[PDB]
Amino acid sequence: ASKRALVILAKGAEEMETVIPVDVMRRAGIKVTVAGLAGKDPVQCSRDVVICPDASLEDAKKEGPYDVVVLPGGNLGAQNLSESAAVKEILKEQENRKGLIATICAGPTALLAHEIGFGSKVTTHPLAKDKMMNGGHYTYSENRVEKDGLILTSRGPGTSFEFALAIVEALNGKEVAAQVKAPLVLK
């Protein structure tokens, strides 16, 4: 049976950091649900791309649990994720059940807001490091993708393919990741 991913899409999300993981995970045969934080309605991303989610978050939660919960970046998307009680509970439950949490760019700052994964080695976008490191609850990394157990983090739009393929490897293994990678024409 296939693995399943929940991608939580909020206003102001970085659209590249949303679409690249969704697309790459679907290429890997992962069943992905793009869930709208606010509801079922289209979401205006950071650079004004408008994406229609598959479901509301409320409804997508009904259908969990998921093998990975993915939080895109973008500041403002991350801020919306960080303010959400629904996201708090999803992340807490995912941590409790020992499931993977993957987030990119400013997205890891939602982990901070919701007290998830403290003590982990993490990376973020360079511009999000100070926010992530407030209180010293994580150890910082400049690796393009960082994984400390069940906390997978990455840095920015330009690390999104690497991030997505790291999720694929974690869920479906190295061989599947390599097979998905080749047709992408990555360097």
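Don't overthink the numbering: it's just position in the shown sequence, from 1.
Higher mean CA temperature factor, per the PDB entry, when comparing 53 to 61 with 145 to 153: 53 to 61. The mean C-alpha temperature factor is higher for 91 to 99 when 109 to 117 and 91 to 99 are set side by side. Of the candidates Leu9, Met25, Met16, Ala170, it is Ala170 whose Cα B-factor is highest according to the PDB record. Between the residues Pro126, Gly39, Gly158, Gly136, the entry's highest C-alpha temperature factor is the one at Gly39. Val185: CA B factor in the middle third of modelled residues in this chain (values from the PDB entry). Among the modelled residues of its chain, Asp67 has a C-alpha B-factor that falls in the highest third according to the deposited record. Among all modelled residues in its chain, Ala85 ranks in the highest third by Cα B-factor.
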